[PDB]
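>>> so I've got this experimental structure, pasted below with the sequence.
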Protein chains: 4
Amino acid sequence: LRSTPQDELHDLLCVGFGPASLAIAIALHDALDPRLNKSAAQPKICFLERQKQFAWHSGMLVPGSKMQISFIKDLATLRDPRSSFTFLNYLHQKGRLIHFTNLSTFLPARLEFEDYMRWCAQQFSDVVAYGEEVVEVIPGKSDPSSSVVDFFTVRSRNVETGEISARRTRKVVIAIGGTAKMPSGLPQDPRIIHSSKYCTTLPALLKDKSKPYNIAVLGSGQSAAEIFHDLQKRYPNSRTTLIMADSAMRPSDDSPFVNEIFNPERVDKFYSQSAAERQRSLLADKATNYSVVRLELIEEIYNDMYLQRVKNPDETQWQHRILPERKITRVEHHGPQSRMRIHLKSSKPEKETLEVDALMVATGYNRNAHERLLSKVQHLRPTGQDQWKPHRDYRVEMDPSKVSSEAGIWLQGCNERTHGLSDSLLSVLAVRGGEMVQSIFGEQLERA
Amino acid sequence: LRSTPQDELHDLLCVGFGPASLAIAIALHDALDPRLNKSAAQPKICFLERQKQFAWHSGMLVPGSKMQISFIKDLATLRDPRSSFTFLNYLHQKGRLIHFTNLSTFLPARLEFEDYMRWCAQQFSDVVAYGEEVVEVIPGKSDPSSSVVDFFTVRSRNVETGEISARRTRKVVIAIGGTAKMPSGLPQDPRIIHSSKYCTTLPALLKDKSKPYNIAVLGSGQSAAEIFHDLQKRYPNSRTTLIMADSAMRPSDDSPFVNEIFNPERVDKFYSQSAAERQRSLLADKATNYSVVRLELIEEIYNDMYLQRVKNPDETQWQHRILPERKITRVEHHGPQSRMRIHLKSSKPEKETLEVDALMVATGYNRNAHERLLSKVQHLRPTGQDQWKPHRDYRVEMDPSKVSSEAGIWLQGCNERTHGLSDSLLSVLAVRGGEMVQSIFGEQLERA
Amino acid sequence: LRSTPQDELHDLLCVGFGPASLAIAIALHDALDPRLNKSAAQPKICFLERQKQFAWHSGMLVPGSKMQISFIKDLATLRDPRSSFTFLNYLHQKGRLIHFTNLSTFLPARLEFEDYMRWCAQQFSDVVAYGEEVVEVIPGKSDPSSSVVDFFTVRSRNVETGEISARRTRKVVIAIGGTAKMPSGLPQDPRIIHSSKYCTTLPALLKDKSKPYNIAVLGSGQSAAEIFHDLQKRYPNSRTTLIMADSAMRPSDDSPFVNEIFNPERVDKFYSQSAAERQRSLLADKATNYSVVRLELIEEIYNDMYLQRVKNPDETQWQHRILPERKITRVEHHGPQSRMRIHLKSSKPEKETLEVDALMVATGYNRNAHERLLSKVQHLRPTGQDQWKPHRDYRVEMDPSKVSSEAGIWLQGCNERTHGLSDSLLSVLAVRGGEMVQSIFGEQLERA
Amino acid sequence: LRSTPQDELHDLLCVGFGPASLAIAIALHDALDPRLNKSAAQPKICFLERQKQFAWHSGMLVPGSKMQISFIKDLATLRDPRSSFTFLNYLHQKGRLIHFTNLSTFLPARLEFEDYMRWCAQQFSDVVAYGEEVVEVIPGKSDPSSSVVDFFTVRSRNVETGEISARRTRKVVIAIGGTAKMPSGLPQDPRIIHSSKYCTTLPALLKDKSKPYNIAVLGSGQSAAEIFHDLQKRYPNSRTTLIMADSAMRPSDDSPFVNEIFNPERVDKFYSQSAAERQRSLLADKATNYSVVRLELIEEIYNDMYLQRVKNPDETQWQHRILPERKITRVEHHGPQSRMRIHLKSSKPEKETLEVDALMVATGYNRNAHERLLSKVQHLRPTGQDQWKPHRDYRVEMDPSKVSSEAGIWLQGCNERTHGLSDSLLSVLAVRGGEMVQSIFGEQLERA
Ligand SMILES: Cc1cc2nc3c(=O)[nH]c(=O)nc-3n(C[C@H](O)[C@H](O)[C@H](O)COP(=O)(O)OP(=O)(O)OC[C@H]3O[C@@H](n4cnc5c(N)ncnc54)[C@H](O)[C@@H]3O)c2cc1C
Ligand SMILES: Cc1cc2nc3c(=O)[nH]c(=O)nc-3n(C[C@H](O)[C@H](O)[C@H](O)COP(=O)(O)OP(=O)(O)OC[C@H]3O[C@@H](n4cnc5c(N)ncnc54)[C@H](O)[C@@H]3O)c2cc1C
Ligand SMILES: Cc1cc2nc3c(=O)[nH]c(=O)nc-3n(C[C@H](O)[C@H](O)[C@H](O)COP(=O)(O)OP(=O)(O)OC[C@H]3O[C@@H](n4cnc5c(N)ncnc54)[C@H](O)[C@@H]3O)c2cc1C
Ligand SMILES: Cc1cc2nc3c(=O)[nH]c(=O)nc-3n(C[C@H](O)[C@H](O)[C@H](O)COP(=O)(O)OP(=O)(O)OC[C@H]3O[C@@H](n4cnc5c(N)ncnc54)[C@H](O)[C@@H]3O)c2cc1C
Ligand SMILES: NCCC[C@H](N)C(=O)O
Ligand SMILES: NCCC[C@H](N)C(=O)O
Ligand SMILES: NCCC[C@H](N)C(=O)O
Ligand SMILES: NCCC[C@H](N)C(=O)O
């Protein structure tokens, strides 16, 4: 793809260049490839990404961590296995395909899958501006005296220089993933760190890997379990504690019938249901992604706890402990020592104390950051509508009398409520990328 | 154990001789064994069982069916691994121990585990009366002019002769398992058969194993899946249909932390919680036993469905089908043909038709049959109490002013509400058997 | 690919259209595809196949049988994952890709993998002549008065009409797989049938699937185990016996380091070794393909034998039996009854009798059938050479003074001795197909 | 068991108190237990052990190492599952039985299985003399003027004081396991260490766990693989190299039919075969114990090597490497540096250099140490017999005219040649212990 000068009106501007945006780029490439599409002037496109280079959840690239989905659900295969952007073609290009085959696994290390996506991302370097944090989307009128919006201005702050840049586009995609969700009862402290900053910020706080630190982990999902388990290897002499409201770590449901809810074709079926039925369906399949741990990891942690029991039958003396059915009621963190004092009580409706050097908080993400960006375009929604309403094709509903048919805003990754549990995942990216290219560039590609 | 004449006052009478009663017999044997118990006149005991010989859920002894619990949770091992009644000692006695070891499985065929329990049961033939269906428990007073009950009369109907027999005892155990639960909307028909009568009554209805029968299965739990899968082998030319209200077969949770709720020592912890907390706990762990299927079986059924897809991409033509999110709204069964007409609708709140030769109904069991038996002893409960309240030791609460301290009634297998999800299972039988012997015969065994 | 008239001089004629020839066709297609090869007059090519339509070992398409290699080692992927002929693209074309992904298996049913190859094969119908059994390859001289051979005539017998057809070509490939190997001590009898004719000819002999037949299986490899296991399902009332010289069924070695001997790049390394070192290497890795059984199948058969032990401790009474360390010394088959009398002795160097309705013989294949076809071209080998010597590129050595550089004969599938254990398998077909196209059509493709 | 004074004539003296001797002690206890044996003066018995307390291969108690046999093949279960010395009863005594059950594994950590055997061993402390290294067995005659031997004197050296003690016994068992086998081409050096001294002596040589040591491992069996893998965790910055003569690590054969060669009842069958047939049988099943690695460990090492490939495609740069088909031809170890210089060549019949801080040598064991101990009793063998010939019951053949029927010597653990591959393992210890008690104490126990 060829670059577009900053000053030109773009056909599409995409906010964020994580997997969701990358899947769109790939799908656009493939749609424009005569070897893949018998139909195939390039669209004027640009991706803005706040990170300085492509990275996928680098704060959680835990040593040994594995993908939780088959490599077949990569960024292209489910749309077109002939694509140059498949995982298998990536491996072939790296001279590693036969070697991977001998592993007999569908689940690559997260490190390898990141490198796959990095390899994909590098092929779009001409159309991605890195180090650009988007701060706002503003409506624009090519005829300022009219009452019709027909473009948007996207403003971004250079992360290095702090300078503001503006780019104009007919169409916008917001694909910015999630922001760290923190419990509202915990105070702000450098020793209290969200899971997303685990690999990034914890080593800077706890510099000496040999020291007998006390480290707590709050949560019971995949991130909590991965951190809990990794801390035992990273800090071999540390005393770790897993704090959870639930009675137990629970396994992720990847059984084949249940798992079909992640099929690309099931988005149609989910989207068509009423608000009530969609709400009920999300709760019925909560065990497939939310606050759950991959079985193999649960078993590994359980085995480690058993080995501690072999060495010492007194659980209170174990180096590493799990404290179930607990909630944090108070955090003392103004004292003269390195350690905070965490007060615990029963998570049951109507206990002990921990002293820790750090508290890792694995409480998931919020996916409402698009709201702050779209603040100035809110008035273009149908009268009295106080929430963004994405259509099946991910384009938000706007007042047809206020916005031209050629102008629009699409949301990606934040649409679980309307599109299902696969929305925030990698599960349907390849197919969704294809659908997005058709939605956004359909008229243009139809001409050829 | 030596037999007691019918006319003598017994120390204990046990109603039922399934696994729960058998575990008590075994525990009593072990308590009276000087090789196992350094402490050790035999108690006057009798077991009444309606079946003509020992059998364990013989209507569901499906070819190839496996246990869903480790053989270590047999009828003795968790109480005393030295017991002659362990699974491993059974195998050693049969000359099969080394051969079983080479299987490297914790999960024996149900056929083998039944034979194990049969081998155990045969050693108590002197104290078990088979072919005796208990019909009522009646209070008795050794001083009829007093207001104090100090014994019970247990009346049973001989299944062959229909004759009524009475036996008197100080203490009663009711361990009678469950009765077939049928949906209240289905009419009575020989072609509508509960899962518990699958192996017993279906072959008599559908005699020719080669015929192209249409057979429906209602349900989504283990029994439904086992029947659905077995029907495809038993009737190779049949057209089978699995009808379920849920969207999918869901896997049983046997992950190690969750599974600890089945530990014998956790009964104390569960029992001590309030009514509210126990109710919440039962629902939190519903995925461990209720309306769930062993993963290996789900995968096998899924693979079979995939193979049908390979042969024919049109699901409506498949020999064997699953119809999820469906409820039966009407059954036509008065027509001139062999087949009933089953009308289906969506299980969603505010469809097709099946013609079938048989409907197998796998909707679980009720565990309230003790109520009918205890009807005449109800007046001995504390005033205004309209439900049986078992203590931790399984003895029901009675008015101390109306019932002697030497007289009592115990319940087994029907106490999930107070004792947890393991209550109706094999999970805690060995330990519970030990506890029951202490509760019932404690004073007697304390003397020696 | 476009067809060539029978009378024209061909660039290549391939004898056989099994996987090995199909891999060449696919590789040629891909080499001529401008979307895959930036380089790309079509070569005049024809494939002759004795079967009336594409089929892959249909006599052993046992119900439930699985592939013994990852689907990644299909007919294209290891050469180019972008190819339209990959397994994943086949699944995508059939609308089954997402469904296969949910199986989480690398091992498709043999039935599905056959259909994949059939789907591939159908795209070459213009260049394949079915029902043509090649009977001889004859040298030809465009100048008959010269001493230089520069073409070959390939003669084939129409399987339906018996008519002989001749086609001329510069280059020949022989890719005809193997022929049934039978022990030299067994007499010819309709009741004695090679494993390759199991699904084809056994049902015709033993027509009634309900009858209590006695059926023996000779052998201890994959085919023997698959037949032994299948016979128990196909003939539910039959008495089956597995006769083997070895003490036990042994598992195939698919462990990752060992398995690297099947890597495409290892052919170079194997080929370069001396005759002595190649001989030693073949024997060192015998456990990877020869007289071995997939572990999962061994365990399944073992479990079945254990279940028989549960029902009856007396092995002599078992419906299905394995007789290890046995050899057949005599077969009585002239008697007045339906059954043959098989005499057995110990396989040890210096026993019982079986009466059977059929003996299935699973003793592998011979790969020397090219010899009979190449009989009249033998004189073109270097003087005094009495065996065909394939180069690394599979072209047999010929006397440069007797044969033109544009004429040649290639062998495929029969080269284990020089090229390694992967030669007769699917393991390296995709890469080898690519190498073959370069060897055969190199000069032609170099021009473009 | 009660102790016997040193000066008294013993009924049995056992040299060594590893698993094999411990199994005899346990079997004797059980034979004398009235709860287990209806038959049951205690025999005068003593065990001499060179280690200061019970330990099982403590130089190879690698962190995370697992048993390679089912816990059912413990020191008692296969003989009598009712025994107090079973693994399950040990777990019950430690309050760990339910917790172990939830692991759903047949394979305990080596650490746990050692503790089990330690728990067993401690119950025989009265009859075991620790810190006693046996140096010789001498014939004795109660009538010195006669030509009949009727006792043996066993002399041992106190490991602490160096003092020699003599004990007299009618019967001797030698159960001393194996001694480190070193290749004859390697020179003696503190930096060259056998696998048996891995956990004991390597940390003393390489004290700083953070240092970038170069460490080589010679061998391709279980010990080599365990050391190779452990070194990567123990010395995180080390450069490790696995040197092996074979082309690849090969998996242990634990498939169920093959594995039956380890059945206790198969000893009879093996022993009865001729010398030739026994030799052939040992080689046929070499893949079950000799120079083989547990599959799970091979896969784990392979995955680690794959991860190195992901990070760097150049194998020569990998931190950890495997060098197959290599033999050591020279070791330079007189140089002024900390590192030895290891010269390698191809292991093929008719290369590089490594500089290493330590060479771990995992080349198995010799089992001929009984020869040195029995030197002075050799003359009691039948004339012209130059090797010890154990009967089926493990008693060595002696000249009936030179040795009384009440005197004898038994061998344990060194009898693979006559008794099969299970001889040196834990596989048949429980049953063999039972057989040994009958052989040794038969007459005595028959009286009661
Ligand atoms: C530890 C972990 C493991 C996971 N593993 C799996 C798995 O195995 N399988 C699976 O299917 N899913 C997994 N996920 C779920 C995950 O949400 C998806 O894999 C994927 O990251 C979603 O892609 P996205 O592009 O929607 O969001 P993201 O990956 O978060 O990408 C959003 C991008 O937008 C950028 N951005 C944000 N705000 C701005 C702004 N204002 N201006 C410019 N750029 C901005 C961010 O820097 C980021 O690069 C995992 C998640 C976590 C946290
Ligand atoms: C198909 C199936 C598979 C199962 N598999 C497992 C498993 O793998 N693991 C597990 O832990 N649990 C399993 N269970 C759960 C099961 O409830 C327990 O295994 C066990 O049967 C409970 O024993 P019980 O004695 O309480 O009840 P039951 O086994 O039902 O025994 C009750 C006995 O009382 C007799 N009886 C009833 N009424 C009378 C009367 N009026 N007079 C005299 N006698 C009477 C009955 O004939 C019966 O013999 C399974 C259940 C089913 C249906
Ligand atoms: C039961 C079974 C299962 C197997 N499964 C696997 C597996 O899972 N993995 C694996 O890698 N390998 C497997 N194989 C090994 C097998 O050899 C290869 O998969 C593959 O069949 C080799 O292809 P080929 O074309 O060399 O030989 P073939 O497949 O035998 O093809 C040869 C073709 O030439 C035709 N032909 C023969 N003679 C003539 C003639 N005179 N004129 C014209 N046409 C002729 C034949 O009809 C046939 O179509 C299996 C083999 C068997 C028997
Ligand atoms: C790393 C490793 C792992 C293994 N794991 C398994 C497994 O999982 N499964 C399995 O079945 N087998 C395993 N084995 C095989 C092993 O040989 C047996 O498990 C077992 O140790 C054999 O017991 P033993 O008593 O015959 O020999 P040992 O265990 O060697 O016991 C011999 C004892 O005699 C003592 N001794 C020696 N010489 C003298 C003397 N002169 N005087 C006095 N005392 C002496 C020694 O100190 C020692 O305590 C393993 C072996 C190794 C090396
Ligand atoms: N944690 C991601 C879950 C994805 C789902 N199991 C799938 O197969 O798509
Ligand atoms: N279906 C019976 C469940 C029993 C439970 N998994 C246990 O381990 O006890
Ligand atoms: N039976 C075919 C063996 C093929 C080999 N396991 C491979 O991976 O190529
Ligand atoms: N490495 C010990 C092998 C023991 C054998 N697999 C057995 O089951 O006895």
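Nice, I can see it. Numbering: from 1, shown residues only, chains lettered A, B, ... in the order given. Ligands and ions are numbered 1, 2, ... in the order given.

>>> and the residue of the stretch 151-300 of chain A nearest ligand 2?
Across the stretch 151-300 of chain A, no residue is closer to ligand 2 than residue A:255, which sits at 18.8 Å (Cβ to the nearest ligand atom). Placement of C-beta: from N, CA and C, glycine included.

>>> just confirm that residue contacts residue B:297, I think it does.
No: in this structure residue A:255 lies outside contact range of residue B:297 using Cβ atoms under 8 Å: 10.3 Å.

>>> phi first, then psi, for the residue of the stretch 1-150 of chain A found nearest ligand 3.
Nearest to ligand 3, among the residues of the stretch 1-150 of chain A, is residue A:101, at 12.8 Å (Cβ to the nearest ligand atom). When read as degrees, to the nearest 10, the backbone of residue A:101 gives phi -60, psi -40.

>>> need the contact list for the closest residue in space to it that isn't next to it in sequence.
In space, and not counting its chain neighbours, residue A:101 is closest to residue C:72: 4.6 Å by Cβ to Cβ, 6 or more residues apart in numbering or on different chains. Applying Cβ atoms under 8 Å, 6 or more residues apart in numbering or on different chains, we find residue C:72 in contact with A:88, A:97, A:101, C:78, C:87, C:106.

>>> can you tell me the SS state at residue C:72?
Residue C:72 carries the three-state label helix when classified by DSSP: H, G, I helix; E, B strand; the rest coil.

>>> pretty sure residue A:432 belongs to a strand, no?
No: counting by three-state DSSP, residue A:432 falls outside a strand, being helix.

>>> against chain D, how distant is it?
Residue A:432 is 28 Å from chain D, where distance means Cβ to the nearest Cβ, to the nearest Å.

>>> same question, residue A:349
Using Cβ to the nearest Cβ, one obtains 29 Å as the distance from residue A:349 to chain D.

>>> re earlier: wait, what's in contact with the residue of the stretch 1-150 of chain A closest to ligand 3?
Residue A:101 sits next to C:70, C:72, C:73, C:78 when contact means Cβ under 8 Å, 6+ apart.

>>> ok, and the most crowded of those?
If you count neighbours using other Cβ atoms under 10 Å in any protein chain shown, the busiest of those is residue C:78, which has 26 neighbours.

>>> need the three-state assignment for it.
Assignment for residue C:78 (three-state DSSP): coil.

>>> need the contact list for it.
Taking Cβ under 8 Å, 6+ apart, one finds A:97, A:98, A:101, C:72, C:264, C:428, C:430, C:431 in contact with residue C:78.

>>> longest strand anywhere in chain A?
Looking across chain A with DSSP state E, the single longest strand is strand A:164-174.

>>> right, and the helix or strand after it?
Sequence-wise, the next helix or strand downstream of strand A:164-174 (DSSP states H and E) is strand A:179-180.

>>> helices or strands up against that next one?
Here strand A:179-180 touches strand A:365-366, going by 3 or more Cβ pairs under 8 Å, 6 or more residues apart in numbering or on different chains; DSSP states H and E.

>>> what packs against the strand it packs on?
strand A:179-180.

>>> neighbouring strands - and their directions - for the strand it packs on?
Paired strands of strand A:179-180, with direction, are strand A:365-366 (antiparallel) (DSSP bridges).

>>> and the strand it pairs with, how far from the chain's centre?
Centroid separation for strand A:365-366 versus its chain: 9 Å, with Cα atoms, centre = their mean, to the nearest Å.

>>> against residue D:153, how distant is the residue in chain A positioned nearest to chain C?
In chain A, the residue found nearest to chain C is residue A:35; the distance is 3.1 Å by Cβ to the nearest Cβ. Look at residue A:35 and residue D:153: by Cβ to Cβ, to the nearest Å, they are 90 Å apart.

>>> before we move on, what about residue A:301?
According to Cβ to Cβ, residue A:301 and residue D:153 sit 56 Å apart.

>>> do residue A:144 as well
In this view, residue A:144 and residue D:153 are 116 Å apart by Cβ to Cβ.

>>> kindly report the same for residue A:107.
According to Cβ to Cβ, residue A:107 stands 65 Å off from residue D:153.

>>> returning to that earlier point: how about the residue of the stretch 151-300 of chain A closest to ligand 2, nearest residue that isn't a chain neighbour?
residue B:251 (4.4 Å).

>>> neighbours of that neighbour, how many?
Quick note: residue B:251 (other Cβ under 10 Å) scores 24 neighbours.

>>> what's the answer for residue A:187, then?
11.

>>> just checking, it touches residue A:333?
Yes: if you go by Cβ under 8 Å, residue A:187 and residue A:333 touch, sitting 6.2 Å apart.

>>> could you see whether ligand 6 lies near stretch A:248-264?
No: figure legend: stretch A:248-264 not in contact with ligand 6 (Cβ under 6 Å from any ligand atom); closest approach 12.9 Å.

>>> perfect, I'm done here.
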